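Working notes, structure below.
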Amino acid sequence: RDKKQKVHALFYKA
Amino acid sequence: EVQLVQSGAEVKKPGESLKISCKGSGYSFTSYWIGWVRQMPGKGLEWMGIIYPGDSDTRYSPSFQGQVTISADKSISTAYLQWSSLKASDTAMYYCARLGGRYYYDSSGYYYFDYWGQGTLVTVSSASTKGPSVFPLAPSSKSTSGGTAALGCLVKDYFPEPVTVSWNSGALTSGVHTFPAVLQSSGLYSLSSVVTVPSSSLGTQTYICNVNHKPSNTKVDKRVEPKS
Amino acid sequence: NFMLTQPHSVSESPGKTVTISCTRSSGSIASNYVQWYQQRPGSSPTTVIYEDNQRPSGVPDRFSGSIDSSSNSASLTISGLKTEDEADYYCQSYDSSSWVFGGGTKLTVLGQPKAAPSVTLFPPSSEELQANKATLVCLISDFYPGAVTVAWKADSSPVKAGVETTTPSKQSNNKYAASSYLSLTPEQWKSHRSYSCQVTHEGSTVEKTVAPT
């Protein structure tokens with residue numbers, strides 16, 4: 001969902 | 001044994017450059033974001049920015065963008081905060097922290113600060129190292145007998161903190177409170193130490209405060225005497 | 001874009017179920033994840049809640065967190081307040097994915113009865129005056145809980161200029177002390193009939209008075 005989507009877009013690195 | 005260990009306390013003047021460090025151990029430094037947080041004295045937390053040590057991808061709070069540089073040295077497992085020209089307003093405690101959690105583009109993923117460094121104290125002031133003067137805070141010689149009198153020392157104009165105060169070389173301890181220091185606009189400190197004693201003995205008892213300011217190797221003893 | 005607002009202080013005795021609110025000024029609080037941090041006096045902060053309602057592993061079970069979309073606020077709730085819970089608490093969320101912090105809340109665990117402060121007020125010494133300085137020195141001790149407000153009077157007119165005040169610190173008997181200084185030139189000091197240091201604690205004032213004469 002959207003709030004989790006947002007933190008992924010902020011923080012995700014492989 | 002995950003550890004974020006920040007560099008020592010710093011005392012600096014306006015115009016000087018400064019680079020503080022935050023070293024991570026016990027885990028893969030390049031696999032977790034390191035955030036930086038400012039706390040000015042007596043105030044709340046502020047976010048400065050964040051960096052991923054793998055690729056030096058760096059994000060800044062708009063308030064701090066261009067005011068400070070955040071970098072990282074993956075080979076040393078260290079993150080940094082950097083200034084080219086400090087302001088006295090930059091006096092704060094600085095915290096680094098690791099954004100831990102589970103890094104999966106997933107319903108299962110999450111991110112939060114799970115380990116913090118111990119903080120680095122940055123004090124920026126125009127003052128040089130300086131020993132205090134010591135002034136008396138005296139009780140009246142008329143105060144009612146069978147009563148109590150408050151008496152003390154005012155320790156003025158020293159830098160940097162701290163100072164130690166005692167009374168009668170240790171032989172007086174009951175009802176002695178030494179208060180925190182106050183910062184004055186010239187960047188110097190002052191504090192008070194006070195002791196309450198029974199009025200009836202003021203005319204016989206000698207009261208001496210012992211003041212020690214290690215940074216300037218200042219030790220002074222000050223007699224506090226009743227006035228008239 | 002938005003401020004996060006918290007109550008300046010909340011105070012309850014142990015055992016209580018106590019809540020700290022965090023209100024978003026613009027935009028739905030439900031739009032971005034909310035975190036809570038605990039910061040004990042003179043210690044680094046730690047995270048007690050993340051993603052609105054998630055509790056980190058080592059955080060005690062009494063900590064929980066929720067969202068109230070009708071008050072546009074998030075909530076940290078402590079179920080069974082304990083003395084070690086005394087701390088500042090900060091909520092935080094995201095703007096442009098820039099992290100916004102709440103102003104912070106001072107949470108006092110009322111662990112002992114209320115004690116009114118002792119006040120002591122020193123006039124400038126003749127020796128300080130000789131140095132062409134004048135400092136009124138107001139000492140506040142033995143109060144509980146650890147919060148006071150300090151106001152200074154010249155005659156009955158208030159004075160805000162030249163006042164520096166320390167934040168309370170714990171004493172050996174677990175009560176609190178603080179201090180407040182009023183800096184004057186020797187001219188100002190002798191130009192008033194008297195000066196007063198007024199300490200309000202839990203709504204009631206304790207004052208000392210000092211006069212150049």
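Residues are named by chain letter and number: chains run A, B, ... in the order of the structure tokens, numbers start at 1 in each chain, and ligands are numbered from 1 in the order shown.
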Near residue B:134, counting only C-alpha atoms, which residues have an atom at most 10 Å away, once you skip same-chain residues fewer than 6 positions from it, shown as a ChimeraX atom specification? /B:153-157,190-192,209-211,220-223 /C:128
Using only N, CA and C atoms, please write the residues we just selected to a file, as an mmCIF file, in the first residue's frame.
data_model
loop_
_atom_site.group_PDB
_atom_site.id
_atom_site.type_symbol
_atom_site.label_atom_id
_atom_site.label_comp_id
_atom_site.auth_asym_id
_atom_site.auth_seq_id
_atom_site.Cartn_x
_atom_site.Cartn_y
_atom_site.Cartn_z
ATOM 1 N N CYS B 153 29.087 31.394 46.801
ATOM 2 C CA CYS B 153 30.090 31.970 45.902
ATOM 3 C C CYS B 153 29.490 32.159 44.525
ATOM 4 N N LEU B 154 29.743 33.310 43.914
ATOM 5 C CA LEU B 154 29.408 33.510 42.510
ATOM 6 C C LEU B 154 30.676 33.330 41.670
ATOM 7 N N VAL B 155 30.704 32.277 40.854
ATOM 8 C CA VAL B 155 31.871 31.988 40.037
ATOM 9 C C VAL B 155 31.680 32.554 38.640
ATOM 10 N N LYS B 156 32.343 33.673 38.345
ATOM 11 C CA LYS B 156 32.094 34.412 37.101
ATOM 12 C C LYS B 156 33.121 34.195 36.005
ATOM 13 N N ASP B 157 32.632 34.252 34.763
ATOM 14 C CA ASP B 157 33.450 34.439 33.560
ATOM 15 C C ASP B 157 34.579 33.419 33.334
ATOM 16 N N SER B 190 29.106 31.285 34.062
ATOM 17 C CA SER B 190 29.138 31.627 35.464
ATOM 18 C C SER B 190 28.246 30.657 36.205
ATOM 19 N N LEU B 191 28.590 30.337 37.445
ATOM 20 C CA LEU B 191 27.667 29.577 38.278
ATOM 21 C C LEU B 191 27.734 29.956 39.746
ATOM 22 N N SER B 192 26.791 29.412 40.501
ATOM 23 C CA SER B 192 26.748 29.675 41.923
ATOM 24 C C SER B 192 26.809 28.377 42.694
ATOM 25 N N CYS B 209 34.745 28.880 50.053
ATOM 26 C CA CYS B 209 34.436 28.028 48.925
ATOM 27 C C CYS B 209 35.706 27.776 48.130
ATOM 28 N N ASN B 210 35.872 26.543 47.669
ATOM 29 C CA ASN B 210 37.075 26.176 46.931
ATOM 30 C C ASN B 210 36.671 25.928 45.513
ATOM 31 N N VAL B 211 37.275 26.678 44.605
ATOM 32 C CA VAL B 211 36.866 26.638 43.222
ATOM 33 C C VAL B 211 37.997 26.123 42.368
ATOM 34 N N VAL B 220 41.111 28.561 43.198
ATOM 35 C CA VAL B 220 41.038 29.661 44.155
ATOM 36 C C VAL B 220 40.079 29.389 45.328
ATOM 37 N N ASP B 221 40.455 29.920 46.485
ATOM 38 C CA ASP B 221 39.663 29.814 47.700
ATOM 39 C C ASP B 221 39.169 31.195 48.038
ATOM 40 N N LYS B 222 37.875 31.278 48.324
ATOM 41 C CA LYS B 222 37.234 32.554 48.579
ATOM 42 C C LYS B 222 36.487 32.523 49.894
ATOM 43 N N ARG B 223 36.832 33.456 50.768
ATOM 44 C CA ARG B 223 36.154 33.579 52.044
ATOM 45 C C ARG B 223 34.846 34.353 51.902
ATOM 46 N N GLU C 128 31.299 43.105 43.902
ATOM 47 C CA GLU C 128 30.900 43.044 42.497
ATOM 48 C C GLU C 128 30.610 44.441 41.959
#
Show me, as a list in words, the residues that have an atom within 8 Å of stretch 2-11 of chain A when counting only C-alpha atoms, minus same-chain residues fewer than 5 positions from it. residues 33, 103, 104, 105, 107, 110 and 111 of chain B; 31, 32, 33 and 97 of chain C
With N, CA and C atoms retained, could you export that selection as a PDB file, in the first residue's frame?
ATOM      1  N   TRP B  33      21.496   2.973   5.766  1.00  0.00           N
ATOM      2  CA  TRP B  33      21.562   4.432   5.824  1.00  0.00           C
ATOM      3  C   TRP B  33      22.069   4.891   7.180  1.00  0.00           C
ATOM      4  N   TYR B 103      15.468  -4.440   4.431  1.00  0.00           N
ATOM      5  CA  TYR B 103      15.508  -3.685   3.175  1.00  0.00           C
ATOM      6  C   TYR B 103      14.964  -4.482   1.993  1.00  0.00           C
ATOM      7  N   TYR B 104      13.659  -4.734   1.981  1.00  0.00           N
ATOM      8  CA  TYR B 104      13.031  -5.423   0.853  1.00  0.00           C
ATOM      9  C   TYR B 104      11.846  -4.645   0.325  1.00  0.00           C
ATOM     10  N   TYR B 105      11.825  -4.447  -0.992  1.00  0.00           N
ATOM     11  CA  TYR B 105      10.738  -3.741  -1.661  1.00  0.00           C
ATOM     12  C   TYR B 105       9.501  -4.621  -1.605  1.00  0.00           C
ATOM     13  N   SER B 107       5.963  -5.882   1.178  1.00  0.00           N
ATOM     14  CA  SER B 107       5.089  -5.728   2.319  1.00  0.00           C
ATOM     15  C   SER B 107       5.833  -6.051   3.617  1.00  0.00           C
ATOM     16  N   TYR B 110      10.671  -2.752   6.153  1.00  0.00           N
ATOM     17  CA  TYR B 110      10.474  -1.634   7.080  1.00  0.00           C
ATOM     18  C   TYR B 110      11.817  -0.962   7.366  1.00  0.00           C
ATOM     19  N   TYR B 111      11.759   0.270   7.865  1.00  0.00           N
ATOM     20  CA  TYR B 111      12.955   1.060   8.143  1.00  0.00           C
ATOM     21  C   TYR B 111      12.724   1.927   9.377  1.00  0.00           C
TER      22      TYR B 111
ATOM     23  N   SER C  31      -1.247  10.107   5.952  1.00  0.00           N
ATOM     24  CA  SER C  31      -0.561  10.070   4.656  1.00  0.00           C
ATOM     25  C   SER C  31       0.890   9.589   4.737  1.00  0.00           C
ATOM     26  N   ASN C  32       1.537   9.799   5.876  1.00  0.00           N
ATOM     27  CA  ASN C  32       2.942   9.417   6.037  1.00  0.00           C
ATOM     28  C   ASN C  32       3.150   8.699   7.352  1.00  0.00           C
ATOM     29  N   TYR C  33       4.065   7.732   7.383  1.00  0.00           N
ATOM     30  CA  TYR C  33       4.377   6.995   8.616  1.00  0.00           C
ATOM     31  C   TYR C  33       4.821   7.884   9.765  1.00  0.00           C
ATOM     32  N   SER C  97       9.508  13.869   1.832  1.00  0.00           N
ATOM     33  CA  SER C  97      10.421  12.867   2.362  1.00  0.00           C
ATOM     34  C   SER C  97      11.566  13.508   3.182  1.00  0.00           C
TER      35      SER C  97
END
With a cut-off of 7 Å and counting only C-alpha atoms, select all residues of chain C in contact with chain B and give the selection as a PyMOL selection string. chain C and resi 44+47+50+98-99+101+103-104+122+125+128+164+166+178-179
Which residue, C:7, C:123, C:200, C:52, has the smallest gap to chain A when you use only C-alpha atoms? C:52
Enumerate the residues of stretch 87-211 of chain C with a DSSP assignment of strand (DSSP E), computed from the backbone, and present them as JSON, numbers by chain. {"C": [87, 88, 89, 90, 91, 92, 93, 94, 99, 100, 101, 105, 106, 107, 108, 109, 118, 119, 120, 121, 122, 134, 135, 136, 137, 138, 139, 140, 141, 142, 143, 149, 150, 151, 152, 153, 154, 157, 158, 159, 163, 164, 165, 169, 170, 176, 177, 178, 179, 180, 181, 182, 183, 184, 195, 196, 197, 198, 199, 200, 201, 204, 205, 206, 207, 208, 209, 210]}
Find the spatial neighbours of residue C:140, counting only C-alpha atoms, within a cut-off of 10 Å - ignore same-chain residues fewer than 6 positions away - and output them as a ChimeraX atom specification. /B:179 /C:116-121,148,150,168,176-180,197,199,206-207
Serialized selection, N, CA, C and O atoms, as a PDB file, in the first residue's frame:
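Everything below was put into out19.pdb:
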ATOM      1  N   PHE B 179      24.884  24.845  41.491  1.00  0.00           N
ATOM      2  CA  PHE B 179      23.958  24.909  40.379  1.00  0.00           C
ATOM      3  C   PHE B 179      24.636  24.812  39.028  1.00  0.00           C
ATOM      4  O   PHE B 179      25.812  25.104  38.900  1.00  0.00           O
TER       5      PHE B 179
ATOM      6  N   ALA C 116       6.767  22.493  47.322  1.00  0.00           N
ATOM      7  CA  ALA C 116       6.971  23.894  46.976  1.00  0.00           C
ATOM      8  C   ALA C 116       8.448  24.258  47.104  1.00  0.00           C
ATOM      9  O   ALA C 116       9.128  23.774  47.997  1.00  0.00           O
ATOM     10  N   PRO C 117       8.946  25.108  46.200  1.00  0.00           N
ATOM     11  CA  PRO C 117      10.365  25.477  46.161  1.00  0.00           C
ATOM     12  C   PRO C 117      10.794  26.400  47.288  1.00  0.00           C
ATOM     13  O   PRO C 117      10.015  27.237  47.746  1.00  0.00           O
ATOM     14  N   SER C 118      12.037  26.233  47.730  1.00  0.00           N
ATOM     15  CA  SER C 118      12.673  27.216  48.591  1.00  0.00           C
ATOM     16  C   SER C 118      13.333  28.232  47.687  1.00  0.00           C
ATOM     17  O   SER C 118      13.988  27.864  46.706  1.00  0.00           O
ATOM     18  N   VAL C 119      13.131  29.508  48.001  1.00  0.00           N
ATOM     19  CA  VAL C 119      13.757  30.594  47.257  1.00  0.00           C
ATOM     20  C   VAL C 119      14.758  31.343  48.143  1.00  0.00           C
ATOM     21  O   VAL C 119      14.541  31.530  49.339  1.00  0.00           O
ATOM     22  N   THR C 120      15.881  31.724  47.549  1.00  0.00           N
ATOM     23  CA  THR C 120      16.865  32.558  48.208  1.00  0.00           C
ATOM     24  C   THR C 120      17.360  33.554  47.175  1.00  0.00           C
ATOM     25  O   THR C 120      17.688  33.165  46.046  1.00  0.00           O
ATOM     26  N   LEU C 121      17.405  34.833  47.552  1.00  0.00           N
ATOM     27  CA  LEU C 121      17.747  35.889  46.613  1.00  0.00           C
ATOM     28  C   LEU C 121      18.860  36.792  47.150  1.00  0.00           C
ATOM     29  O   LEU C 121      18.703  37.413  48.187  1.00  0.00           O
ATOM     30  N   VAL C 148       9.681  24.857  37.057  1.00  0.00           N
ATOM     31  CA  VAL C 148       9.240  26.151  37.569  1.00  0.00           C
ATOM     32  C   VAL C 148       9.226  27.219  36.482  1.00  0.00           C
ATOM     33  O   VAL C 148       9.825  27.059  35.423  1.00  0.00           O
ATOM     34  N   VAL C 150      10.120  31.349  36.129  1.00  0.00           N
ATOM     35  CA  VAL C 150      10.714  32.464  36.857  1.00  0.00           C
ATOM     36  C   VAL C 150      10.409  33.846  36.275  1.00  0.00           C
ATOM     37  O   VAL C 150      10.730  34.140  35.121  1.00  0.00           O
ATOM     38  N   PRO C 168      15.906  23.005  35.543  1.00  0.00           N
ATOM     39  CA  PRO C 168      16.068  22.305  36.823  1.00  0.00           C
ATOM     40  C   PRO C 168      16.982  21.088  36.732  1.00  0.00           C
ATOM     41  O   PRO C 168      17.043  20.441  35.688  1.00  0.00           O
ATOM     42  N   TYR C 176      14.326  18.815  43.019  1.00  0.00           N
ATOM     43  CA  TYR C 176      14.949  19.664  41.998  1.00  0.00           C
ATOM     44  C   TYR C 176      15.404  21.032  42.479  1.00  0.00           C
ATOM     45  O   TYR C 176      14.832  21.606  43.402  1.00  0.00           O
ATOM     46  N   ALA C 177      16.448  21.540  41.835  1.00  0.00           N
ATOM     47  CA  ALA C 177      16.890  22.906  42.040  1.00  0.00           C
ATOM     48  C   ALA C 177      16.998  23.617  40.703  1.00  0.00           C
ATOM     49  O   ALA C 177      17.122  22.978  39.664  1.00  0.00           O
ATOM     50  N   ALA C 178      16.956  24.944  40.729  1.00  0.00           N
ATOM     51  CA  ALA C 178      17.298  25.738  39.553  1.00  0.00           C
ATOM     52  C   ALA C 178      17.831  27.083  39.998  1.00  0.00           C
ATOM     53  O   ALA C 178      17.860  27.380  41.192  1.00  0.00           O
ATOM     54  N   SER C 179      18.273  27.894  39.052  1.00  0.00           N
ATOM     55  CA  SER C 179      18.754  29.216  39.404  1.00  0.00           C
ATOM     56  C   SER C 179      18.423  30.229  38.322  1.00  0.00           C
ATOM     57  O   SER C 179      18.192  29.874  37.168  1.00  0.00           O
ATOM     58  N   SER C 180      18.400  31.495  38.705  1.00  0.00           N
ATOM     59  CA  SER C 180      18.103  32.565  37.766  1.00  0.00           C
ATOM     60  C   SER C 180      18.909  33.818  38.114  1.00  0.00           C
ATOM     61  O   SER C 180      19.007  34.214  39.277  1.00  0.00           O
ATOM     62  N   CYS C 197      12.340  38.226  43.007  1.00  0.00           N
ATOM     63  CA  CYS C 197      12.411  36.999  42.242  1.00  0.00           C
ATOM     64  C   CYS C 197      11.190  36.140  42.573  1.00  0.00           C
ATOM     65  O   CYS C 197      11.017  35.714  43.714  1.00  0.00           O
ATOM     66  N   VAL C 199       8.946  32.758  41.746  1.00  0.00           N
ATOM     67  CA  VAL C 199       8.976  31.414  41.192  1.00  0.00           C
ATOM     68  C   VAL C 199       7.604  30.790  41.300  1.00  0.00           C
ATOM     69  O   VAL C 199       7.099  30.567  42.398  1.00  0.00           O
ATOM     70  N   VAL C 206       6.359  31.377  45.100  1.00  0.00           N
ATOM     71  CA  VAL C 206       7.236  31.573  46.254  1.00  0.00           C
ATOM     72  C   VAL C 206       8.238  32.673  45.894  1.00  0.00           C
ATOM     73  O   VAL C 206       8.981  32.542  44.916  1.00  0.00           O
ATOM     74  N   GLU C 207       8.266  33.760  46.658  1.00  0.00           N
ATOM     75  CA  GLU C 207       9.123  34.886  46.290  1.00  0.00           C
ATOM     76  C   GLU C 207      10.028  35.402  47.413  1.00  0.00           C
ATOM     77  O   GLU C 207       9.690  35.313  48.598  1.00  0.00           O
TER      78      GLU C 207
END
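In this model, the gap between atom CA of residue B:68 and atom CA of residue B:124 comes to 14.8 Å.
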Taking only chain A into account, list the residues labelled alpha helix (DSSP H) by DSSP (computed from the backbone), as a PyMOL selection string. chain A and resi 2-11
Write the residues of the preceding selection, restricted to N, CA, C and O atoms, as a PDB file, in the first residue's frame.
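Below you can see selection.pdb, which holds the result:
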ATOM      1  N   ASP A   2       0.227   2.408   0.110  1.00  0.00           N
ATOM      2  CA  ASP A   2       0.901   3.648  -0.240  1.00  0.00           C
ATOM      3  C   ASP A   2       1.936   4.158   0.771  1.00  0.00           C
ATOM      4  O   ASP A   2       3.009   4.583   0.365  1.00  0.00           O
ATOM      5  N   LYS A   3       1.647   4.120   2.067  1.00  0.00           N
ATOM      6  CA  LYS A   3       2.660   4.556   3.042  1.00  0.00           C
ATOM      7  C   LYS A   3       3.941   3.699   3.022  1.00  0.00           C
ATOM      8  O   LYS A   3       5.047   4.219   3.189  1.00  0.00           O
ATOM      9  N   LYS A   4       3.791   2.394   2.812  1.00  0.00           N
ATOM     10  CA  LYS A   4       4.942   1.527   2.694  1.00  0.00           C
ATOM     11  C   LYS A   4       5.655   1.785   1.375  1.00  0.00           C
ATOM     12  O   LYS A   4       6.894   1.801   1.315  1.00  0.00           O
ATOM     13  N   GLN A   5       4.869   1.986   0.319  1.00  0.00           N
ATOM     14  CA  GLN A   5       5.419   2.362  -0.978  1.00  0.00           C
ATOM     15  C   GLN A   5       6.351   3.582  -0.839  1.00  0.00           C
ATOM     16  O   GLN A   5       7.480   3.561  -1.328  1.00  0.00           O
ATOM     17  N   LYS A   6       5.887   4.614  -0.134  1.00  0.00           N
ATOM     18  CA  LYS A   6       6.671   5.832   0.085  1.00  0.00           C
ATOM     19  C   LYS A   6       8.013   5.603   0.783  1.00  0.00           C
ATOM     20  O   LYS A   6       9.009   6.197   0.386  1.00  0.00           O
ATOM     21  N   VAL A   7       8.058   4.762   1.819  1.00  0.00           N
ATOM     22  CA  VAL A   7       9.328   4.552   2.508  1.00  0.00           C
ATOM     23  C   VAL A   7      10.295   3.749   1.650  1.00  0.00           C
ATOM     24  O   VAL A   7      11.499   3.994   1.673  1.00  0.00           O
ATOM     25  N   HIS A   8       9.755   2.824   0.857  1.00  0.00           N
ATOM     26  CA  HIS A   8      10.550   2.090  -0.121  1.00  0.00           C
ATOM     27  C   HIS A   8      11.226   3.033  -1.105  1.00  0.00           C
ATOM     28  O   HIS A   8      12.400   2.865  -1.431  1.00  0.00           O
ATOM     29  N   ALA A   9      10.474   4.024  -1.570  1.00  0.00           N
ATOM     30  CA  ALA A   9      10.969   4.978  -2.559  1.00  0.00           C
ATOM     31  C   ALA A   9      12.035   5.870  -1.933  1.00  0.00           C
ATOM     32  O   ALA A   9      12.899   6.409  -2.627  1.00  0.00           O
ATOM     33  N   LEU A  10      11.965   6.012  -0.612  1.00  0.00           N
ATOM     34  CA  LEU A  10      12.902   6.828   0.124  1.00  0.00           C
ATOM     35  C   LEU A  10      14.163   6.045   0.435  1.00  0.00           C
ATOM     36  O   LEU A  10      15.270   6.527   0.243  1.00  0.00           O
ATOM     37  N   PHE A  11      13.987   4.820   0.901  1.00  0.00           N
ATOM     38  CA  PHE A  11      15.059   4.119   1.586  1.00  0.00           C
ATOM     39  C   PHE A  11      15.644   2.903   0.874  1.00  0.00           C
ATOM     40  O   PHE A  11      16.734   2.464   1.229  1.00  0.00           O
TER      41      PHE A  11
END
If you measure from atom CA of residue B:70 to atom CA of residue C:57, what distance in Å do you get, rounded to one decimal? 29.6 Å
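Distances here use only C-alpha atoms; by that measure, the residue among B:176, B:224, B:188, B:99 closest to chain A is B:99.
You will find atom CA of residue B:145 at 22.9 Å from atom CA of residue B:171.
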